[PDB]
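Every residue, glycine as well, gets a Cβ built from its backbone with ideal geometry; the counts of neighbours run over all protein chains shown. Bear in mind these aren't lab numbers, they're just calculated from the coordinates by the rules spelled out.
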There are 4 protein chains.
Amino acid sequence: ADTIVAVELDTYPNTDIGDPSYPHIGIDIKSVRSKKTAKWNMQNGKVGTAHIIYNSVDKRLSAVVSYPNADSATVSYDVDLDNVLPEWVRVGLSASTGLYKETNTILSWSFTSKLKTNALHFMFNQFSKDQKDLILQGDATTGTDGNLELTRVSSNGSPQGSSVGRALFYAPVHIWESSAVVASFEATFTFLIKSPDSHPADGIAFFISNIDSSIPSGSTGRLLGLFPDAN
Amino acid sequence: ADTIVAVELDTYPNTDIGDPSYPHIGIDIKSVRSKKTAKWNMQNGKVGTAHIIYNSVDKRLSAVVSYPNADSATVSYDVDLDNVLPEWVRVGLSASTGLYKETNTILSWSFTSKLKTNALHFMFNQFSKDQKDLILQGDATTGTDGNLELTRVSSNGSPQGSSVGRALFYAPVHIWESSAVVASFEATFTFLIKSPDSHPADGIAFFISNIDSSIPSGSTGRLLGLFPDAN
Amino acid sequence: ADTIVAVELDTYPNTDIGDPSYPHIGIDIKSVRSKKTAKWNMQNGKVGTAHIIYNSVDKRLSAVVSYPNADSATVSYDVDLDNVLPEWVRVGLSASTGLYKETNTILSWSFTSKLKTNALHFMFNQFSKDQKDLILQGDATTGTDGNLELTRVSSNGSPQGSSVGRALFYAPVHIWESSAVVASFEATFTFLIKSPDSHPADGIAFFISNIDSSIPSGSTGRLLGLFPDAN
Amino acid sequence: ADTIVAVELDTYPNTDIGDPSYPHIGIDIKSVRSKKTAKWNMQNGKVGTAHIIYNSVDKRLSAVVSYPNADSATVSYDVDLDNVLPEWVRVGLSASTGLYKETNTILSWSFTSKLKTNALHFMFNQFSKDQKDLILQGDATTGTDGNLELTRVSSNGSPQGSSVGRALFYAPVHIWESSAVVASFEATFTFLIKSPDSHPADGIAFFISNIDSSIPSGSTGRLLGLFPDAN
Ligand SMILES: CO[C@H]1O[C@H](CO)[C@@H](O)[C@H](O)[C@@H]1O
Ligand SMILES: CO[C@H]1O[C@H](CO)[C@@H](O)[C@H](O)[C@@H]1O
Ligand SMILES: CO[C@H]1O[C@H](CO)[C@@H](O)[C@H](O)[C@@H]1O
Ligand SMILES: CO[C@H]1O[C@H](CO)[C@@H](O)[C@H](O)[C@@H]1O
Ligand SMILES: [Ca+2]
Ligand SMILES: [Ca+2]
Ligand SMILES: [Ca+2]
Ligand SMILES: [Ca+2]
Ligand SMILES: [Mn+2]
Ligand SMILES: [Mn+2]
Ligand SMILES: [Mn+2]
Ligand SMILES: [Mn+2]
């Protein structure tokens, strides 16, 4: 199977796989069962901001998710990514729906990696219909209002159930190296999760993977397009 | 055929295809016969710096090539790259040898493109044996002393004749867009051209191409790995 | 007197001092009588964007001023800033009103200078009530809605006549050096010029000055807070 | 008294004020008696690199000090800088000598601060004789070989005892804000500490201070130009 490290914005509690009983953010290391979670007051129809940070000094993967004029949710987990990921990775955004659904709209995405110095930075403040520096997988589309729709939306703007989609940056990223004095990365994205129902599902993740990562077959719903099973 | 825009550091005068009778820098628009050239005092065995700049306001492609404690060579050409290149491109470094030879050693390479904002930046201050964000074509290799050798060198660094090699950044670049108020790019690389002979050949280019560009058949020597013919 | 280089967004034609008979953008080199101007379709009450660029290779000062979904205005002038400005400068925004008036509201301001490398970058996407990295001169205030008001506005945002104000970045900038292979700078700001009258005045400038520059006595109205006289 | 947060590269053990019995790096919060230290294998006459990082999510101040082809020294301390520093600060480099001495040569210095976004970045890869974006205090000088000499060196290159000097970046920095979702800073500098004696003293610090900070009178030797006493 693929190797996944992810920050999940989990809109739907699957208590049977160790989700807490509320919308949450989590750090996932090679399992959909988050190593750590924090409560997340998701705001249906409001534009949110996610910031993810890691450096090779602290070896702490941290995420902050916020909306204007509201308290942030934050989660951190000590992990040595050198012992989990291959040296070269791709970075991406993933989303899913199941029997419940939501828009998984990305309005912007930036990423910076630095290895001491080699550097990579990309910034998307808009997505075009033919975004050739993105690998779109499953139901992911670009161009509609200059946004990235990770999961399927009908002609009338309604989100579809049992959908899964991902966008990976085209270039592989050197995420760690033994010869590195300091390695760091950050990602930011803005998202709009809307549900006609007051039961939205299933969420959005920022993930890092083996370069050849693809949607595991059947990874709709609670598996967020990341994992083949709930182990 | 490919679509090429390039800045050439041409170490060998091919007077039969319109080269001036001295080492020169040139701006190449879809031809190896430079639209504009300037005299270049190439310094055998010394580390040089090349800077290339363009913005959609001035629509002027400019390059400066320099060595420490020596006068710069500079060349500029008015061109609307919107009318020459496709919207999506790859960016690269190319080098060749022929009957005469030289090391085509790259010690560092950076690039920034901005479309008003979407942005791409990479910086290589060292190259690793397995540099997965580079597409190596022909004789180009990485890892030897942390450098990028565009053309063939022996175990002792001695350069071989009839060699051609290129390195393209893995991700496609959005170099222009009609809805853009301002588009800009800049590139820097440091190079070491050494020749045992007092007749070095054939040179190094920074180039921008169609995303699927490859070394044209036969394009060793004066064609610099860029062009199928001398038209 | 001070040494000024500026890009003016001139909302009010002073035909008696060589303004063309319409709102215009201009390049000012040590005089309010622009060395070059272009027609500017200023849009009362709409947020606009100004981009200013210069590099030591082309030695061309260029500016583009635009509104969403409208054609740009652009102006360029060939000037060797090495022969005009001192080596060390301050960078700033200036605005004035006279008998006629307008809001001179700055919503954002960024600047980058590079000398080949020494570098300086600042980005203001909001201004606080106590913005200690800004020198406010004359009527300029910060904090109201997180904006920079260069000229006087009432409690309800209504603009006052005979006002002049400037904001300079606190740190001096090394804009040129003889030992530099390449020097470049860029500035971006977003502005909101609103007038209850259909005769707005007098405009906004981005300027570069001697480090100790201050508002010349009397420099309200057509002198834009930049010049002691109309010579 | 001033408010100081610093990372010290302490070359001289003052066992009487709680220094460990070896050259060390430390995190100083309003005292020269480091809240945390790590062993540092200082290499007389070799160019070293120091990296300092902090973000408002982890609230961890970390430093890594390294030489090429040697193991790094690293130190971290959990501190909420929001509870220690004023909102606006200056950032600087400090060094001292006492009865024992050393060159306190800075070859380069970069700093980035970001408040979510407002940003500040400066990079010095060389210092000029008249570096107007630096406030030099005490014995600090610029221009000699393009370096920053924090403490006094004689005409013959010999370091002098009982010397103290600092360089602060001219612009105040917004290092924290209550409305900030994420605040971060990083600093990098390269240094050359040479001693003829083989008993070097006293060290170099990166520090953050109240904007009006100045060398405490008598703060030569073990006080590193930062503190008035050893409390
Ligand atoms: C009720 O179960 C289904 O729907 C939910 C909500 O979408 C998913 O989490 C889950 O994997 C299933 O597809
Ligand atoms: C004279 O013949 C060769 O001359 C140089 C030497 O490298 C090349 O430019 C050219 O294409 C030929 O191969
Ligand atoms: C009569 O003109 C006055 O008003 C205009 C525009 O306000 C200014 O340009 C001018 O200097 C005077 O102050
Ligand atoms: C021996 O004591 C003196 O010299 C050393 C190092 O120079 C300092 O630490 C100390 O403060 C005194 O000035
Ligand atoms: Ca879930
Ligand atoms: Ca040639
Ligand atoms: Ca006017
Ligand atoms: Ca000590
Ligand atoms: Mn979960
Ligand atoms: Mn040529
Ligand atoms: Mn005018
Ligand atoms: Mn100590």
Checklist entry - Put a point 7 Å out from Cα along the line to Cβ at A:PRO228; what are the distances to that point in the other copies, in nm, shortest first? => result 4.5, 6.8, 8.0
Checklist entry - Got the B:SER162 label distances to the other copies yet, label 7 Å along Cα→Cβ, in nm, shortest first? => result 6.2, 7.6, 8.7
Item to check | Charge-dipole axis of chain B as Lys and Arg at +1 and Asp and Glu at -1 on Cβ define it, positive-most pick from B:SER209, B:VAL84, B:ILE106 | outcome: B:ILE106
Next on the checklist: Using the Cα centre of chain C as origin and beta-carbon charges of +1 (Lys, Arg) and -1 (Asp, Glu), tell me which of C:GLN131, C:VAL47, C:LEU115 is placed farthest towards the positive end of the dipole.
Outcome noted: C:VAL47
Checklist outcome for this item: With +1 at each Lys and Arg Cβ and -1 at each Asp and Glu Cβ, the charge dipole magnitude of chain D around its Cα centre, to the nearest 20 debye, comes out at 240 debye
Checklist outcome for this item: Residues meeting the amide H criterion for D:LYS36 (H placed from the backbone, H to H distance under 5 Å, 5 or more places apart or on another chain) are D:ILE27
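Which value, in debye to the nearest 20, gives the size of the charge dipole of the protein assembly as shown about its Cα centre, when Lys and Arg are +1 and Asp and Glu are -1 at the Cβ?
The calculation lands at about 0 debye.
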Item to check | FRET E, pair A:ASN41, C:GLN160, Förster distance 41 Å, beta-carbon r, rounded to 0.05 | outcome: 0.40
Checklist entry - How far apart are the A:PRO13 label points across copies, placing each 7 Å from Cα toward Cβ, in nm, shortest first? => result 5.6, 6.9, 8.2
Checklist outcome for this item: Residue-ordered couplings for region D:177-184, obtained by feeding phi - 60° into the Karplus form 6.51 cos²θ - 1.76 cosθ + 1.60 and rounding to whole Hz (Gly and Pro as x), are 7, 4, 6, 7, 6, 8, 10, 9
Checklist entry - What FRET efficiency do you get for A:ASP82 and B:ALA230 if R0 is 56 Å and r is their Cβ-Cβ distance, rounded to the nearest 0.05? => result 0.65
Next on the checklist: Rounded to the nearest 5, what % of DSSP beta bridges with both residues in region C:134-231 are antiparallel?
Outcome noted: 100 percent
Checklist entry - How far, in whole Å, is the nearest Cβ of chain A from the axis relating it by rotation to chain D, and which residue carries it? => result A:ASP58, 3
Checklist outcome for this item: Note, C:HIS199: beta-carbon cut-off 10 Å, +1 each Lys/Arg, -1 each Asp/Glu, net -1
Checklist entry - Based only on Cα atoms, what Rg/Rh ratio does the protein assembly as shown have, Rh being taken as Kirkwood's radius? => result 0.96
Item to check | Mean-position separation - Cα centroids, region C:102-141 and region B:144-179, in angstrom | outcome: 41 Å
Checklist outcome for this item: Hull volume per residue for region D:97-162, using the convex hull of the C-alpha atoms, in Å³ is 102 Å³
Checklist outcome for this item: The Cα radius of gyration of region D:125-231, divided by 2.2 N^0.38 Å with N its residue count, comes to 1.20
Next on the checklist: Which residue, D:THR11, D:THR151, D:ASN69, has the largest displacement toward the positive end of the dipole of chain D when charges sit on each Cβ (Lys, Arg +1; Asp, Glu -1)?
Outcome noted: D:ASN69
Checklist outcome for this item: Expected vector for region D:33-50, Karplus 3J(HN,Hα) from phi with 6.51, -1.76, 1.60 and θ = phi - 60°, integer Hz, x for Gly and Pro, equals 7, 3, 5, 7, 9, 9, 5, 10, 7, 4, 10, 3, x, 9, 6, x, 10, 10
Next on the checklist: For region A:1-44, take every pair of Cα atoms, bin their distances at 10 Å starting from 0, and report each bin as a whole percent.
Outcome noted: 30, 54, 14, 1
Checklist outcome for this item: Going residue by residue through region C:118-129, the Karplus relation 6.51 cos²θ - 1.76 cosθ + 1.60 with θ = phi - 60° gives ³J(HN,Hα) values, rounded to whole Hz and with x marking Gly or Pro, of 9, 9, 9, 9, 10, 9, 10, 9, 8, 10, 9, 4
Item to check | Computed over chain C, Cα set: Rg, Dmax in Å | outcome: 16.3, 51
Next on the checklist: At 0.692 mPa s and 37 °C, plugging the Kirkwood radius over alpha-carbon pairs of region C:1-106 into Stokes-Einstein gives what diffusion coefficient in µm²/s?
Outcome noted: 220 µm²/s
Item to check | Estimated inter-spin distance, D:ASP130 and B:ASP16, nm [label 7 Å along Cα→Cβ] | outcome: 5.7 nm
